[PDB]
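Coming up is one lone chain in structure tokens, specifically the form deposited without the DNA.
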């Protein structure tokens, strides 16, 4: 098994949250670090009109609220809401700074996740800068197809995903998502089989 996590978790409080609950309130003062024992979450930023953007999906095995760890007086950089019911560990920054001196691997794992997040977020900047809505929705589909949650299909990878949520990822209305998907079918690039979406040539 993993003694390091075990060791890490023995210094945490664990708490459970129902689906759709807000784990992190943007703007708040950061003093605590979190680790997802079970579940999945969305990280998201808002427009001044209430519009929500989904930055990132995090799951079992992810730290959360780590960005304020390295400087005192930081505030949460974004919102995090419980995608499913979650089981979440919690430890203060101070205590977590102490664990680091005993075993820096826990910091390595955390920074490993920051590095990954930075790479992917950077790619998202690129999509936003270089691609129109159509292009962005295509890359979004290709990426979801590459996920392990992607069911295998004769014609390609099969994903299940809401239009609304596709909109929150690329930054457009769900109506716009729908019209674009319908065009991608016509172009014979995907299929919209009721619930799922089959991404051809994946």
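Residue numbers count along the first chain shown, from 1.
In what follows, reference is made to the form solved in complex with the DNA, a form of this protein that is not presented.
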Interface check vs the DNA in the deposited bound form: of 11, 15, 25, 193, the one with a heavy atom inside 4.5 Å is 193
Of the residues 176, 158, 32, 139, which one places a heavy atom within 4.5 Å of the DNA in the deposited bound form?
176
At 4.5 Å between heavy atoms, only one of the stretches 110-118, 68-76, 89-97, 128-136 reaches the DNA in the deposited bound form; which one is it?
128-136
I'd like to know if residue 162 sits close to the DNA in the deposited bound form, meaning any non-hydrogen atom pair within 4.5 angstroms.
yes
Does residue 172 reach the DNA in the deposited bound form if we count a contact as any heavy atom within 4.5 Å?
yes
Contacts with the DNA in the deposited bound form - residues in 73-103 whose heavy atoms fall within 4.5 Å:
none
